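Participant: here's my sequence, what's the structure:
(5 chains, ligands or ions: 51)
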Amino acid sequence: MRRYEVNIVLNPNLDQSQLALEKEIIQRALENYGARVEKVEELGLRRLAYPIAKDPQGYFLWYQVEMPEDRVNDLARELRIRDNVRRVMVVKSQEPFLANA
Amino acid sequence: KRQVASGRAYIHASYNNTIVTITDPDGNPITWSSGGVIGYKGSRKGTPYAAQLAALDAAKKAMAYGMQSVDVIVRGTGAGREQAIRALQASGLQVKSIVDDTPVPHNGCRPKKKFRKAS
Amino acid sequence: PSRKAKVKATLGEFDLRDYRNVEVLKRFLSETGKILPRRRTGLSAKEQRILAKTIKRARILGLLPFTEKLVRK
Amino acid sequence: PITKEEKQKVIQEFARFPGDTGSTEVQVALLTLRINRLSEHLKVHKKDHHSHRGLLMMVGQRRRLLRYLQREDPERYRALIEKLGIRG
RNA sequence: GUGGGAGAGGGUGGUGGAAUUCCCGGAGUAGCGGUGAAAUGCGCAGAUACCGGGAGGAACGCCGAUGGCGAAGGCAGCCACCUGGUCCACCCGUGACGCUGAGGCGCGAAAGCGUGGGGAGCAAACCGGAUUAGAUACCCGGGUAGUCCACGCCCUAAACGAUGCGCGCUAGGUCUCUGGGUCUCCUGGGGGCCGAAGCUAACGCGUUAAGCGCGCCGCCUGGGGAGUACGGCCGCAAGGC
Ligand SMILES: [K+]
Ligand SMILES: [K+]
Ligand SMILES: [K+]
Ligand SMILES: [K+]
Ligand SMILES: [Mg+2]
Ligand SMILES: [Mg+2]
Ligand SMILES: [Mg+2]
Ligand SMILES: [Mg+2]
Ligand SMILES: [Mg+2]
Ligand SMILES: [Mg+2]
Ligand SMILES: [Mg+2]
Ligand SMILES: [Mg+2]
Ligand SMILES: [Mg+2]
Ligand SMILES: [Mg+2]
Ligand SMILES: [Mg+2]
Ligand SMILES: [Mg+2]
Ligand SMILES: [Mg+2]
Ligand SMILES: [Mg+2]
Ligand SMILES: [Mg+2]
Ligand SMILES: [Mg+2]
Ligand SMILES: [Mg+2]
Ligand SMILES: [Mg+2]
Ligand SMILES: [Mg+2]
Ligand SMILES: [Mg+2]
Ligand SMILES: [Mg+2]
Ligand SMILES: [Mg+2]
Ligand SMILES: [Mg+2]
Ligand SMILES: [Mg+2]
Ligand SMILES: [Mg+2]
Ligand SMILES: [Mg+2]
Ligand SMILES: [Mg+2]
Ligand SMILES: [Mg+2]
Ligand SMILES: [Mg+2]
Ligand SMILES: [Mg+2]
Ligand SMILES: [Mg+2]
Ligand SMILES: [Mg+2]
Ligand SMILES: [Mg+2]
Ligand SMILES: [Mg+2]
Ligand SMILES: [Mg+2]
Ligand SMILES: [Mg+2]
Ligand SMILES: [Mg+2]
Ligand SMILES: [Mg+2]
Ligand SMILES: [Mg+2]
Ligand SMILES: [Mg+2]
Ligand SMILES: [Mg+2]
Ligand SMILES: [Mg+2]
Ligand SMILES: [Mg+2]
Ligand SMILES: [Mg+2]
Ligand SMILES: [Mg+2]
Ligand SMILES: [Mg+2]
Ligand SMILES: [Mg+2]
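Facilitator: Numbering: from 1, shown residues only, chains lettered A, B, ... in the order given. Ligands and ions are numbered 1, 2, ... in the order given. Shown next is the structure:
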């Protein structure tokens, strides 16, 4: 049971129904691996620094969660099956290291 | 005969030859030139003067398509890059921006023995 | 000698481990997508070491560039 | 890994008295726990030699501590081996 | 033990972008490439240069350093999991449980061997072009094993600090990595430079000793013959001790 952060960049050209379906599958997959969500920050469509999947923009989602470690990798794979999902990065949570304080 | 009137100018400069390809804003070429298009045959192509001649020749060929403004793009380190730059700069063609976009790898492939002692 | 300005001195309070804060990490990159050296950032060894990996994360996410093109040569 | 609760469990289970955290029995028990965990890690990932060296060092340390206990008080030695099931 | 810390330490899975090559398409024309100069080569079956798309293999630019880690070899994109070592603070626990280490056992760059796979770039041998008095070379165009992966062998090296390990003692200054603290600075561990005493044939070493001491192991006894012969052990072989 460790605390992680999930960054999900998906297709910005999805309508509200397709986006709702993708987020539904994301939530269902999080429940299927026992990932208790603590907070969420939906930033949405943002301008990429380089084209990803031939698209200059991407829809960003972020989830701070807590889940068993042994299946973390096994969860990331499950999130890469959807073609609309194009970037999945899970990072162990870390305390902020402030500079120029 | 397309009457592009505005495009890009790629300069490929190596220690052996300098070759200028003038393209449209989408990258499709229109005309081009090099040290071999001019009478120079051997090592005289890797000469800044030969690069100037190639740039001016490609520019005059682009005048046939009625092009006025260009966007210069430089690739490769070779004697004659800056000479081709100054040739295109004052040739009737308006130079809007010069950009060096030399393809540098992130240490992917192994060079030939000529370029070793590095990665 | 890089006497123009230090990126840290030209900045305030910020998190060095936040890979999502793009507007602050843009300052630590050069004109190209390259990571600025110590003489330009003015950070310490530990600070620069953390900044490097956070910048790499931001690049992989598609926020920061891997490489850019030089202009006005 | 080896969390703090398991470590305290085995320490309190092998403590000679309340408060003992560094007696020979406690050290041998902790080394045995680490050795079993590393052996489970080395059944899979059999190409990991750098950790295999640490396994060798832990085994040597446990053998030296058991030899000391054998020399001083063989009764606690036999009791420790009976509780932990070592030496085959 | 407790509480903190730094790290390219190792293994497994996944994943990112740049570039090379190749394929598809667009656009486009007389050469490209290469060198001291050239030629082989490739190009009218449309190359080079340019744009877009796709495949594949291999290596990780900036960060990056005179830096870090590891017992050594050695380790450099990112993420996760598994995992080794190590340092500091508290002065908490055991109570000499220590040091070294013939044998033994295991690890051990590159090259090399076996089986299977992979094969973009590079490239022994080899095919050519030059150079040359000749050129079994350097230079240029190709190119196989190999380099890569899995598993099993091989045990070598300028495997280098050409300096075995451990502990204690013996001026300092400066730079740096990493902790702790009354955070100008002090204290602990580590990486460099200059230097007290002292040592050294000299060069140089000098709290990271090559100084002063103690313990234990390894090794040397003029050069060639020769790391050869014989014998043994090991190895599929090359060959190693
Ligand atoms: K080093
Ligand atoms: K073969
Ligand atoms: K030797
Ligand atoms: K401090
Ligand atoms: Mg997908
Ligand atoms: Mg030439
Ligand atoms: Mg590592
Ligand atoms: Mg084609
Ligand atoms: Mg060719
Ligand atoms: Mg060919
Ligand atoms: Mg021909
Ligand atoms: Mg024809
Ligand atoms: Mg090509
Ligand atoms: Mg392409
Ligand atoms: Mg292929
Ligand atoms: Mg560097
Ligand atoms: Mg070290
Ligand atoms: Mg070395
Ligand atoms: Mg005490
Ligand atoms: Mg007592
Ligand atoms: Mg020892
Ligand atoms: Mg031995
Ligand atoms: Mg070997
Ligand atoms: Mg090898
Ligand atoms: Mg082989
Ligand atoms: Mg094979
Ligand atoms: Mg080749
Ligand atoms: Mg030849
Ligand atoms: Mg001669
Ligand atoms: Mg001749
Ligand atoms: Mg060759
Ligand atoms: Mg081939
Ligand atoms: Mg073979
Ligand atoms: Mg050396
Ligand atoms: Mg040595
Ligand atoms: Mg000698
Ligand atoms: Mg020493
Ligand atoms: Mg020191
Ligand atoms: Mg000195
Ligand atoms: Mg003196
Ligand atoms: Mg002297
Ligand atoms: Mg000493
Ligand atoms: Mg002799
Ligand atoms: Mg003799
Ligand atoms: Mg000899
Ligand atoms: Mg020999
Ligand atoms: Mg014999
Ligand atoms: Mg035999
Ligand atoms: Mg032979
Ligand atoms: Mg031979
Ligand atoms: Mg021999």
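Participant: tell me the SS of whatever residue of chain B ends up closest to ligand 5?
Facilitator: Ranking the residues of chain B by distance to ligand 5 (CB to the ion) places residue B:106 first, at 24.2 Å. Yep, even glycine has a C-beta here, placed from its N, CA and C like the rest. Here residue B:106 is recorded as coil under DSSP: H, G, I helix; E, B strand; the rest coil.
Participant: and if you look at residue D:77?
Facilitator: Going by three-state DSSP: residue D:77 is helix.
Participant: was I right to think it contacts residue D:65?
Facilitator: No - counting by CB atoms under 8 Å, residue D:77 does not reach residue D:65; the two are 10.1 Å apart.
Participant: run through the strands of chain B in chain order.
Facilitator: Taking DSSP state E as the criterion, chain B carries its strands at B:6-13, B:18-23, B:29-34, B:69-75, B:94-100.
Participant: ignore what I typed, I meant chain A.
Facilitator: Under DSSP E, chain A gives strands at A:2-10, A:36-52, A:55-67, A:85-92, A:98-99.
Participant: reformat the ones you listed as CSV; add distance to residue B:89 and mean neighbour count.
Facilitator: Listed next are the strands of chain A as CSV, based on distance: least, CB to CB, whole Å; neighbours: other CB atoms under 10 Å in any protein chain shown:
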stretch, distance to residue B:89, mean neighbour count
strand A:2-10, 42, 19
strand A:36-52, 30, 13
strand A:55-67, 32, 18
strand A:85-92, 42, 16
strand A:98-99, 44, 16
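Participant: could you save these as TSV and add columns showing distance to residue B:85?
Facilitator: Putting the strands of chain A into TSV (distance: least, CB to CB, whole Å) gives the following:
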stretch	distance to residue B:85
strand A:2-10	39
strand A:36-52	27
strand A:55-67	30
strand A:85-92	39
strand A:98-99	41
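Participant: residue A:77: which of those is closest?
Facilitator: strand A:85-92 (8.9 Å; CB to CB).
Participant: that closest one to strand A:2-10, inter-axis angle?
Facilitator: Here strand A:85-92 runs at an angle of 160 degrees relative to strand A:2-10 (axes from the mean of the first three to the mean of the last three CA atoms, to 10 degrees).
Participant: strand A:85-92 vs RNA strand E: in contact?
Facilitator: Yes - on the criterion CB under 7 Å from any atom of the strand, strand A:85-92 is in touch with RNA strand E at A:87, A:89-92.
Participant: just to revisit the earlier point, give me whichever of the strands of chain B is most buried.
Facilitator: strand B:18-23 (a mean of 24; mean count of other CB atoms under 10 Å in any protein chain shown).
Participant: how far away is the residue in chain D positioned nearest to chain A from residue D:41?
Facilitator: Chain D approaches chain A most closely through residue D:1 (9.5 Å), counting by CB to the nearest CB. Taken as CB to CB, to the nearest Å, the spacing of residue D:1 relative to residue D:41 amounts to 11 Å.
Participant: what of residue A:36?
Facilitator: For residue A:36, the distance to residue D:41 - CB to CB - is 28 Å.
Participant: repeat for residue B:75
Facilitator: 51 Å.
Participant: quick one: contacts for the residue nearest in space to the middle of chain C?
Facilitator: By CA atoms, centre = their mean, chain C has its centre lying nearest to residue C:28, at 2.0 Å. By CB atoms under 8 Å, 6 or more residues apart in numbering or on different chains, residue C:28 lies in contact with C:7, C:35-36, C:41, C:51, C:55.
Participant: show me which of the residues you listed is closest to ligand 5.
Facilitator: Using CB to the ion, residue C:55 is the member of the contacts of residue C:28 that lies nearest ligand 5, at 24.8 Å.
Participant: all set, thanks.
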